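Q: Below is the structure I would like to discuss, written out as structure tokens.
Positions of Cβ are generated from backbone atoms using ideal geometry, with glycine treated the same way; all protein chains shown enter the neighbour counts. Each reported figure results from applying straightforward, stated rules to the coordinates on display, with no laboratory input.
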Ligand code: CLA
Ligand code: CLA
Ligand code: CLA
Ligand code: CLA
Ligand code: CLA
Ligand code: CLA
Ligand SMILES: CC1=C(/C=C/C(C)=C/C=C/C(C)=C/C=C/C=C(C)/C=C/C=C(C)/C=C/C2=C(C)CCCC2(C)C)C(C)(C)CCC1
Ligand SMILES: CC1=C(/C=C/C(C)=C/C=C/C(C)=C\C=C\C=C(C)\C=C\C=C(C)\C=C\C2=C(C)CCCC2(C)C)C(C)(C)CCC1
Ligand SMILES: CC1=C(/C=C/C(C)=C/C=C/C(C)=C\C=C\C=C(C)\C=C\C=C(C)\C=C\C2=C(C)CCCC2(C)C)C(C)(C)CCC1
Ligand SMILES: [Ca+2]
Ligand SMILES: [Ca+2]
Ligand SMILES: [Cl-]
Ligand SMILES: [Fe+2]
Ligand SMILES: [Mg+2]
């Protein structure tokens, strides 16, 4: 296979194929972020939908001026 | 012209509200469902006979004696998808069902048309629901009725000289 | 020899109990007059 | 087989019918009274045959405001005197 | 021009039928 | 300020958390009580 | 308790008659009271 | 240049040809009315 | 050999040629952007931002260029209607040209990566086999994306180092490119507040940076690596397709409902502004404020800007088009030339009458006039023999206030009916139907077409996601199932746990 | 009613148009008409086509 | 590794009468609530306040005319959550405002997702390819397009189909009159795929059943099959010769035959989905411009297309006032389009 200057420079960033952290690793933390993100999408959705109505948050072309 | 025929038929027979046409629909929708289903389960249970760089179709050779998929596995899947006894383990029974359902349904669709041909029409629930005073309480049937009326009054706008379309 | 309260049992009753309740309701409905 | 008791065994057994000749009619009668007492109407807000219109009214009580819809409906119900 | 096109496409379809029937790859038992 | 609809939002959120929570609790409990036999 | 005591053909005949009765009642109700058009 | 080993031959059998021409011609017959509008 | 629908699978294990293919793709897309922009500049008439803005002309990429601050041409005009501005290099033309050059450079690079595919970089150093470490590539790319998002929000959108973005009044009358400060309060999640867009890109930007560093430095859990087949690039394909259809449904939604990134001066009004007669209410408010301050009726209506009246016209409703009704809105109702003014209907008794407006649902709609309480006073009858409400019977008249016809009154039934026919569409305009051989049938705007295309493609990408998720997860069985599959693995009760041989 | 391509139809609008209501259930073969021009005016093609089709 | 997760996995994936799975946790409650919501609504709940309609058995509707009807147009696209700002936790008011519609639509949707995930899970455990789930992608595209995307492009959930037989017929006729939906080539592909799938289902079933090998002495041939037998139960060779001589072409490859059986209805439904998505924006196949220009100048020019447009115009004017009560339509007798006499 052909080596190149830039190929030699980038080699380490593509040398860890298959490498895993043990067991469940950081899965629970990820899960917490998924829960929070779900909640966020739910929030912005309900804002857009006018099911969630917030003071000073006028969901309209007339938002300000 | 086909669409015309259909629209006018709805107007004059309320075919949608006729149980034979509904049977036709269960028939063709069901036929398709089961077609896609059967297709999918059989495709799902093809015996590995090929490599990934070739079509799985070359794994079956025309006229071979051995079956090309594993029905026991197919049945194993579908029987778990719903429940065991809702699945066919008999290929002959399964294919007979596949034959009979759309065919019987479409027989009913055909008979729907063939009987509405003699003006035994769809269910008529116009003003079926009435309140304590006697006010008409519309149902979805009545909105259907309004559509039918539109169709009725506009079709062949020059063909009628008299108030009732009796044929 | 056989268990009684299984997933299958629960599933069956989640459908069957309301079905009978509802059939009873609708039966009652056939006698309502304006 | 998957280990649960076969249906034909259960429903051809005496005990099943001892239990269900009580429970089935009981549920049936409960549904019946749910309608006949008029409770269904109250829970779901379904008009009785005399509560669709005021005596002289012929206009549908159509809901016309999203956020005051509850109030609109309550006013409609009030106007039935 | 529209009519020419429609009829052309149709004729292409019938010719296609012809080739698909009489000049198909033959099924062979292996 | 907490508008009535934000309170509604919180109620829905709590309701959902309750439903899923009681659900997984019950399923975990059942899975522990009714273990598969191996070996 | 014992499976088989009440024959399956009887359970089927009775349940079936029950279905016929209830559906029959619903069809009666189509001609009377609400939804009857009268 | 040293040859690339990922190369694969490509195939379309006759039945597939007929199927494809059928698809395309019938689709054209369908949509043509709309293209002419 | 390979079936036709599989030809590109030769790239799965060829990272260099896969990169080459992506370069070609990118080149094609950029070449498209350039060509589309050039074509739009070659057909676009910048002469009337009021009644002939871009969204009437079938402009599709021009509004996105405007949205991010490209508003001028080298030829000297701007989409806001200014003259003698020097836009610098980054005119529409400069953008197009830049895209063309990009396209080309990407083509050459594609060629380099295609010929020289066998780089040591793409080989696992331990096995010597081609391999891409996708989780870390992901981290790197996520970091870059993050930096770019952050920088975009903080510099381009703020105007700190950039032009800002398109913002407007609530009625799309005075739009221009402005710097926008981020909104860090709850109103930032208001779709109509632009500052929310800026804050979004800055914050989400930082989040992308952090999560990216995380993904560079922290390896996946073995359990997730095995579960998602993270060694198989097709998994990445599957999830990326999912994210992409998600985003497409989102931009479809914000296009259809309107937002700060889908402004009406660039894309046209929404169907909902028609539905709630938004512009009609505002027009009436302004007219009433005018009468209240002592203005005459004529003066009050002449003070209404033509652009606003034009928004209050169903021909600009994006929900009035047809799938095969091709081209710019102008090909339909014509190039709007002028507002005729507000048509006021009156009967012989002098009571003001109001035309029932056509809802978007109806390709055709009757002509019905009511008094202020909605009582029917006049119509255009179908059957005449029992007509009681003809304009002729009721002596319906029309007087115009504002616009070209200001001060004029027509009493002859044919003409009044004609204006009533036009009044179902709302405010009435003079059109040039000759220039484009306009055929008279409403067409949708770029808003409608964008929304359509993206909702459809999103929906199909749902299938793509399904297909490739399946291929990822069932790779082991995609040439068929185990020929030695034991019937006991599928016969009920043999195993306590489905498919598990250790549970006999 | 124009049904044919040359008389202004496309594939979707086009049809062979049903026989005249004046005929009713009468058998209307080519030879019952005084001319082909007449046969076409009254929709004989519909009858010829559908009967041969149904038989076939 | 033997933590609580894998143990839970163990119990969930037990081979029982009704398989559950991880997918079951989504599917079963959501499908149950969807179905239950539909039955509850059809039995007891009105559409008086949203539509000016009766929609329950309780009110006197029958199986054909009952529905859970869409919310009032004024609700727009409100999710209409029980705890949402419209109903404010009041179940009765929630019922009266059409909350059950969004309940059924959304739970229905998460339920279909659950079902497809179920198809995938079981396919993985049993060791089959997951083509059943892939084929299931079509029903979902239809559901999502018709019940979600379509109303979202229109003014409100009101114009979605109402969950009811008659309500659904009304939805069909509405689509004819307003969208001229039959004219839409995407619908036409839907039709072709449905009718084509049914054709393939019937013709393949009949072909297998009529080229069976004699494998038993019984004149009823169903028992002469064994699930575990290696041999084909019917003659592919005979089927092929038969159709080759009858129709001109014939299958020779069973795997292709069955993939095609997957392809046809699925592709059809998907095409239809694309068309309905178009209708969300009123981006219809309503007209042929050439037709209109000719008919406008030439009053002797008539096609079946023009006839159908007259029909459409009738549907729209005659059904609209009652079907769209929020518009407060009053169409005087004299404006109603009518032909002679009728
Ligand atoms: C898993 C199965 C399932 C699913 C997917 C749904 C999904 C849906 N249901 Mg529900 N439902 C279910 C089971 C399910 N249901 C069951 C079993 C019941 C019977 C009780 C109901 C009863 C029900 C009703 C009565 C209603 C719904 C409705 C809804 C919808 C909105 C729910 C929501 O807003 O929650 C938001 C909550 C979450 C998404 C949970 C978030 C969990 C995060 C990750 C944890 C964070 C929480 C944290 C601990 C709380 C701290 C807050 C603090 C700051 C105060 C939604 C479509 C509504 C609807 O359809 O209206 C039209 C509606 O009215 N459902
Ligand atoms: C080299 C830099 C560059 C620049 C400065 C531009 C600038 C311009 N191009 Mg663009 N373009 C470029 C490269 C560039 N292009 C390339 C390489 C391509 C080929 C793919 C294109 C293809 C292209 C097209 C096809 C078009 C443009 C258009 C435009 C203009 C509007 C851009 C816009 O609307 O973006 C919108 C961009 C986004 C909304 C980006 C979305 C980002 C997603 C959501 C990221 C998701 C992944 C991420 C990792 C998630 C994690 C994030 C993390 C921070 C949390 C604009 C003048 C448009 C134009 O008007 O044509 C004349 C147009 O139609 N360009
Ligand atoms: C996001 C994609 C997109 C969008 C929204 C638009 C939108 C816009 N374009 Mg642009 N356009 C695009 C891509 C897009 N275009 C591309 C890629 C090109 C290069 C070819 C062009 C070239 C272009 C030109 C040259 C012009 C436009 C113009 C316009 C406008 C007129 C729209 C038109 O009439 O639609 C018509 C749309 C249709 C008729 C729908 C086509 C549907 C296809 C045929 C369906 C195919 C079905 C398929 C075969 C089925 C397979 C089945 C099988 C799987 C079984 C419009 C604002 C015009 C304009 O006015 O600009 C000033 C203009 O002249 N566009
Ligand atoms: C970034 C998105 C993406 C990517 C990278 C892929 C990549 C891959 N998919 Mg595809 N796929 C996608 C989206 C994507 N898919 C989507 C959204 C769908 C649903 C519609 C599918 C459905 C799909 C199927 C059903 C299959 C694949 C397969 C393949 C693989 C081989 C493709 C090939 O050889 O075709 C060669 C294609 C041609 C020779 C001609 C195609 C002509 C098309 C149909 C019409 C013209 C397209 C036009 C030029 C594109 C305009 C751009 C558009 C975005 C507007 C390949 C690995 C195949 C595979 O898995 O094989 C093992 C396979 O069977 N994919
Ligand atoms: C029919 C819908 C469907 C189906 C069958 C699948 C099936 C598949 N997807 Mg998924 N996917 C879907 C939709 C679907 N997806 C959607 C809409 C997205 C959003 C972009 C994704 C994103 C996605 C990703 C990113 C990935 C997959 C992957 C996969 C595969 C593994 C299963 C899994 O990851 O499930 C995912 C789980 C679900 C789809 C269930 C989600 C249930 C949610 C959390 C309930 C939410 C309730 C809600 C909060 C209530 C409020 C409602 C509100 C309106 C008020 C599998 C092939 C993976 C893959 O392909 O591996 C090879 C993978 O990496 N999918
Ligand atoms: C030859 C005549 C014909 C044919 C074959 C069709 C067939 C088709 N039409 Mg129809 N149509 C016709 C004439 C015809 N149409 C006419 C004359 C009109 C008047 C203009 C219409 C108007 C029309 C409309 C308005 C629509 C259709 C739709 C469709 C498609 C329906 C597909 C379907 O199965 O959805 C059924 C639903 C699904 C597949 C969703 C998922 C369903 C889940 C899986 C159900 C789960 C049920 C669960 C187990 C619980 C059951 C409980 C029980 C008590 C009920 C299909 C392409 C629809 C379509 O195009 O959708 C895109 C549609 O919206 N058509
Ligand atoms: C919504 C609601 C929810 C849930 C509820 C539920 C879940 C219920 C369930 C229930 C159900 C679950 C229902 C029941 C049922 C059924 C019925 C209603 C009856 C019937 C039957 C029938 C009538 C049959 C007949 C016929 C056919 C169909 C078949 C065969 C033939 C014959 C003729 C026999 C909650 C509360 C949480 C909250 C909110 C509200
Ligand atoms: C098992 C079955 C089931 C069910 C069925 C049933 C339920 C049915 C029935 C029926 C019944 C319920 C029984 C019967 C019959 C009856 C008869 C047949 C008798 C006879 C009579 C006569 C003949 C006489 C008369 C006389 C004279 C004439 C006059 C006067 C006197 C007298 C009356 C005596 C099912 C299907 C689900 C499944 C399968 C199986
Ligand atoms: C090389 C070279 C050069 C040059 C470059 C160039 C010359 C430019 C270009 C490029 C180009 C100028 C080409 C392109 C683009 C375009 C395309 C690529 C497009 C495509 C289209 C599509 C794909 C679409 C499809 C469609 C149809 C058609 C219809 C409707 C539907 C749809 C949408 C699908 C330079 C100096 C820079 C330097 C460097 C290198
Ligand atoms: Ca009474
Ligand atoms: Ca002209
Ligand atoms: Cl007609
Ligand atoms: Fe088969
Ligand atoms: Mg009754």
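Q: Among (1) under 35 Å from the mean Cα position of the chain (by Cα); (2) touching a residue at least 12 places away in the same chain (Cβ under 8 Å), there is one condition residue I:394 misses while meeting the rest; what is its number?
A: Here residue I:394 clears every test but (1).
Q: Quick one: is residue A:39 more than 8 Å from chain I (Cβ to nearest Cβ) and either surrounded by 15 or more Cβ atoms within 10 Å (Cβ to Cβ) or within 30 Å of residue K:157 (Cα to Cα) (or both)? Break it down into steps so the answer makes sense when it comes.
A: Numbers: more than 8 Å from chain I (Cβ to nearest Cβ): yes; either surrounded by 15 or more Cβ atoms within 10 Å (Cβ to Cβ) or within 30 Å of residue K:157 (Cα to Cα) (or both): yes.
Judged against the criteria, residue A:39 is a match.
Q: If you don't mind, another one. Working only within the stretch I:231-246, note down all residues that are touching a helix residue (DSSP H, G or I) at 6+ places or on another chain (Cβ under 6 Å) and within 13 Å of chain A (Cβ to nearest Cβ).
A: I:232
Q: So residue I:157 clears everything in (1) at negative phi; (2) within 13 Å of chain A (Cβ to nearest Cβ); (3) crowded, with 17+ Cβ neighbours inside 10 Å except one condition, right? Which one?
A: Checking residue I:157 against (1) at negative phi; (2) within 13 Å of chain A (Cβ to nearest Cβ); (3) crowded, with 17+ Cβ neighbours inside 10 Å, the one that fails is (2).
Q: Working only within the stretch K:294-342, note down all residues that are closer than 13 Å to residue B:149 by Cα, more than 7 Å from every other protein chain (Cβ to nearest Cβ) and in contact (Cβ under 8 Å) with a residue 60 or more places away in the chain.
A: K:312
Q: So which residues in the stretch F:1-28 are farther than 23 Å from residue A:54 by Cα and more than 10 Å from chain K (Cβ to nearest Cβ)?
A: F:18, F:21, F:22, F:25, F:26
Q: Is at least one residue of the stretch I:82-96 surrounded by fewer than 20 Cβ atoms within 10 Å (Cβ to Cβ) and either part of a helix (DSSP H, G or I) or within 16 Å of ligand 3 (Cβ to nearest atom) (or both)?
A: Yes, the stretch I:82-96 contains at least one residue that is surrounded by fewer than 20 Cβ atoms within 10 Å (Cβ to Cβ) and either part of a helix (DSSP H, G or I) or within 16 Å of ligand 3 (Cβ to nearest atom) (or both).
Q: Is it the case that residue I:125 is surrounded by fewer than 16 Cβ atoms within 10 Å (Cβ to Cβ) and within 14 Å of another protein chain (Cβ to nearest Cβ)? Before you say what the answer is, go through the steps one by one.
A: Working: surrounded by fewer than 16 Cβ atoms within 10 Å (Cβ to Cβ): yes; within 14 Å of another protein chain (Cβ to nearest Cβ): yes.
In short, yes.
Yes/no per residue for (1) surrounded by fewer than 18 Cβ atoms within 10 Å (Cβ to Cβ); (2) more than 10 Å from chain C (Cβ to nearest Cβ); (3) in contact with a strand residue (DSSP E or B) (Cβ under 9 Å, 6 or more places away or on another chain); (4) within 24 Å of residue G:37 (Cα to Cα):
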| position | (1), (2), (3), (4) |
| --- | --- |
| D:26 | yes, no, no, no |
| D:33 | yes, no, no, no |
| D:36 | yes, no, no, yes |
| D:81 | yes, yes, no, no |
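Q: State which residue is surrounded by the most Cβ atoms within 10 Å (Cβ to Cβ) when the search covers only the stretch K:160-209 and only residues that are more than 9 Å from chain B (Cβ to nearest Cβ) and not in a helix (DSSP H, G or I). It would help to see each step written out before you state the result.
A: Initial filter on the stretch K:160-209 (more than 9 Å from chain B (Cβ to nearest Cβ)): K:160-161, K:163, K:171, K:175, K:178-179, K:181, K:184-192.
Of the ones still in play, those that are also not in a helix (DSSP H, G or I) are K:160-161, K:163, K:184.
Numbers: K:160: 24, K:161: 22, K:163: 24, K:184: 26.
Among residues in the stretch K:160-209 that are more than 9 Å from chain B (Cβ to nearest Cβ) and not in a helix (DSSP H, G or I), the one surrounded by the most Cβ atoms within 10 Å (Cβ to Cβ) is K:184.
Q: With the structure loaded, tell me whether residue K:106 is crowded, with 22+ Cβ neighbours inside 10 Å, away from ligand 10 (no atom under 16 Å from the Cβ) and part of a helix (DSSP H, G or I) or whether it fails that test.
A: Considered against the rule, which asks whether it is crowded, with 22+ Cβ neighbours inside 10 Å, away from ligand 10 (no atom under 16 Å from the Cβ) and part of a helix (DSSP H, G or I), residue K:106 comes out as no.
Residues checked against (1) out of contact with any helix residue (DSSP H, G or I) (no Cβ under 8 Å at 6 or more places or on another chain); (2) away from ligand 2 (no atom under 16 Å from the Cβ):
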{"position": "I:5", "(1), (2)": "yes, yes"}
{"position": "I:34", "(1), (2)": "no, no"}
{"position": "I:42", "(1), (2)": "yes, no"}
{"position": "I:52", "(1), (2)": "no, yes"}
{"position": "I:57", "(1), (2)": "no, no"}
{"position": "I:78", "(1), (2)": "yes, no"}
{"position": "I:86", "(1), (2)": "yes, yes"}
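Q: What residue, among those in the stretch I:403-449 that are within 13 Å of chain K (Cβ to nearest Cβ), within 16 Å of ligand 3 (Cβ to nearest atom) and in a loop (DSSP other than H, G, I, E, B), is farthest from residue I:362 (Cα to Cα)?
A: Among them, the one singled out is I:437.
Q: Looking at (1) more than 10 Å from chain B (Cβ to nearest Cβ); (2) surrounded by fewer than 17 Cβ atoms within 10 Å (Cβ to Cβ), which one does residue I:462 not meet, given that it meets all the others?
A: (2)
Q: In this structure, is residue K:143 more than 18 Å from residue B:25 (Cβ to Cβ) and touching a helix residue (DSSP H, G or I) at 6+ places or on another chain (Cβ under 9 Å)?
A: So residue K:143 does not fit the description; no.
Q: Another question, then. Count, please, the residues in the stretch I:277-301 that happen to be closer than 19 Å to residue I:445 by Cα and surrounded by fewer than 21 Cβ atoms within 10 Å (Cβ to Cβ).
A: Residues that pass the stated criteria total 2.
Q: When the stretch I:247-266 is examined, which residues are found to be in a helix (DSSP H, G or I) and more than 11 Å from chain A (Cβ to nearest Cβ)? Give the derivation first.
A: Kept after step one, since they are in a helix (DSSP H, G or I), are these residues of the stretch I:247-266: I:247-257, I:264-266.
Scanning the stretch I:247-266 gives I:247, I:248, I:249, I:251, I:252, I:255, I:256, I:265, I:266.
Q: Can you find, within the stretch K:59-104, the residue that is farthest from the other protein chains (Cβ to nearest Cβ) among those that are over 24 Å from the mean Cα position of the chain (by Cα) and closer than 16 Å to residue B:127 by Cα?
A: Among residues in the stretch K:59-104 that are over 24 Å from the mean Cα position of the chain (by Cα) and closer than 16 Å to residue B:127 by Cα, the one farthest from the other protein chains (Cβ to nearest Cβ) is K:59.
Q: Of these, I:62, I:28, which one is more than 14 Å from every other protein chain (Cβ to nearest Cβ), within 25 Å of the chain's Cα centre (by Cα) and away from ligand 9 (no atom under 16 Å from the Cβ)?
A: None of the others qualify; the one that does is I:62.
Q: Restricting to the stretch K:43-59, name every residue that is within 16 Å of ligand 14 (Cβ to nearest atom) and under 13 Å from residue D:40 (Cβ atoms).
A: Once the filter is applied, which keeps residues that are within 16 Å of ligand 14 (Cβ to nearest atom) and under 13 Å from residue D:40 (Cβ atoms), the stretch K:43-59 yields K:43, K:44, K:56, K:57, K:58, K:59.
Q: While we're here: Would you pick out the residues in the stretch B:61-82 that are without any contact (Cβ under 8 Å) to a residue 24 or more places away in the chain and within 10 Å of chain I (Cβ to nearest Cβ)?
A: Let us first name the residues in the stretch B:61-82 that are without any contact (Cβ under 8 Å) to a residue 24 or more places away in the chain, namely B:61-68, B:72, B:75-76, B:79-82.
If the condition is that a residue be without any contact (Cβ under 8 Å) to a residue 24 or more places away in the chain and within 10 Å of chain I (Cβ to nearest Cβ), then B:68, B:72, B:75, B:76, B:79, B:80 are the ones that fit.
Let's see how each residue does on (1) on the phi > 0 side of the Ramachandran plot; (2) surrounded by 18 or more Cβ atoms within 10 Å (Cβ to Cβ):
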residue: K:213; (1), (2): no, no
residue: K:232; (1), (2): no, yes
residue: K:248; (1), (2): yes, no
residue: K:253; (1), (2): no, yes
residue: K:265; (1), (2): no, yes
residue: K:277; (1), (2): no, yes
residue: K:285; (1), (2): no, yes
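Q: Restricting the first residue to the stretch G:11-34 and requiring it to be more than 10 Å from chain K (Cβ to nearest Cβ) and within 13 Å of residue C:30 (Cα to Cα), which pairs with a second residue that is in a loop (DSSP other than H, G, I, E, B) and within 16 Å of ligand 9 (Cβ to nearest atom) meet a Cβ separation below 7 Å and a spacing of at least six or different chains?
A: Pairs that qualify, where the first residue is more than 10 Å from chain K (Cβ to nearest Cβ) and within 13 Å of residue C:30 (Cα to Cα) and the partner is in a loop (DSSP other than H, G, I, E, B) and within 16 Å of ligand 9 (Cβ to nearest atom): there are none.
Q: While we're here: Could you tell me whether residue I:344 is more than 16 Å from ligand 13 (Cβ to nearest atom) and either touching a helix residue (DSSP H, G or I) at 6+ places or on another chain (Cβ under 6 Å) or free of Cβ contacts under 8 Å to residues at least 24 places away in the same chain (or both)?
A: On the way: more than 16 Å from ligand 13 (Cβ to nearest atom): yes; either touching a helix residue (DSSP H, G or I) at 6+ places or on another chain (Cβ under 6 Å) or free of Cβ contacts under 8 Å to residues at least 24 places away in the same chain (or both): no.
So residue I:344 does not fit the description; no.
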